Amino acid sequence: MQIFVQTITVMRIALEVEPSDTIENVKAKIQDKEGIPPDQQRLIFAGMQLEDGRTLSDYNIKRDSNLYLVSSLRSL
Amino acid sequence: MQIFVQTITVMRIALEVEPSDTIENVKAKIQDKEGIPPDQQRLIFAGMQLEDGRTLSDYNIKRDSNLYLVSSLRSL
Amino acid sequence: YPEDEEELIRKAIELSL
Amino acid sequence: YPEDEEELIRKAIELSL
């Protein structure tokens, strides 16, 4: 008997950034720290998916801002 | 500037089970395979959270059943 | 992460139907 | 996992407000 488990895993990270960092840049920092490929990363803030070529300042992302990220992995 | 990213990660696993396995047992298999502590595991099927001392048969979980799991981790 | 966990559980319960 | 990803994105968009 084989069953399938759709595992949804929640982990909170902190990131050291400049307002001038692009979204692409942030996804690279998340890869460097957590191993999530950036093309599997969907960064979310204030009700939007964020576009790679914009900066954190473009989205008024200020310090202690709380973003979300949804990713798919094959293995942890 | 420190920001916080709430990362939600999705990964699908398959598990080799008997109808007679308890929920507790399944969470142990998921720990053994993925490293998620079983006390951080919330197994979900057909609209319910599953209770540790019940068996997969108790929930009519049949082969190719699709369960969900929600967990918190400190690190991947 | 209790408040996000309860939300995701509630979402996974929905998805399971 | 596209259909679960779209659902979770939609949920995370909600949570972000």
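Residue numbers (the deposited numbering), protein chains in the order written: chain C, 1 to 76; chain C', 1 to 76; chain B, 0 to 16; chain B', 0 to 16. A prime marks a further copy of an entry chain.
Just so it is clear, CB atoms sit at the ideal spot from N, CA and C, and this is done for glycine as well.
Check your understanding: Grouping DSSP H, G and I as helix and E and B as strand, with all else coil, what is residue 0 of chain B'?
Key -> coil
Collapsed DSSP secondary structure at residue 6 of chain B in the structure displayed = helix
Run through chain C and tell me which residues come within less than 7 Å of residue 4 of chain B', C-beta to C-beta. 70 and 72
What residue ranges within the stretch 12 to 51 of chain C form continuous beta strand (DSSP E) runs of no fewer than 3 residues, ordered along the chain?
41 to 45
_Given this structure, state the Cα-to-Cα distance separating residue 45 of chain C from residue 47 of chain C', to the nearest angstrom._
Rounded to the nearest angstrom, the two C-alpha atoms are 29 Å apart.
Check: Who are the Cβ neighbours of residue 9 of chain C in its own chain at under 8 Å, not counting the five residues just before and after it?
Finding: Counting only Cβ-Cβ distances below 8 Å, and skipping sequence neighbours, we find 76.
Quiz item: Does any CB atom of chain C fall closer than 7 Å to the CB of residue 7 of chain B?
Solution: At least one beta carbon of chain C lies nearer than 7 Å to the beta carbon of residue 7 of chain B.
Which residue marks the beginning of the beta strand (DSSP E) containing residue 68 of chain C', and which one marks its end? Residue 68 of chain C' -> beta strand (DSSP E) spans 66 to 72.
Roughly how many angstroms lie between the CA atoms of residue 33 of chain C and residue 0 of chain B, to the nearest whole one? 20 Å
Check your understanding: Any beta-carbon of chain B' closer than 7 Å to the one on residue 10 of chain C'?
Key -> So, interface residue.
Subject >> Beta-bridge pairing of residue 3 of chain C - partner residues as DSSP gives them >> reply: C':15
Quick one: is residue 50 of chain C' near chain C, going by C-beta distance under 7 Å? no
Apply the 10 Å Cβ neighbour rule to residue 11 of chain B' and answer buried if 16 or more other Cβ atoms are within range, or exposed otherwise. buried
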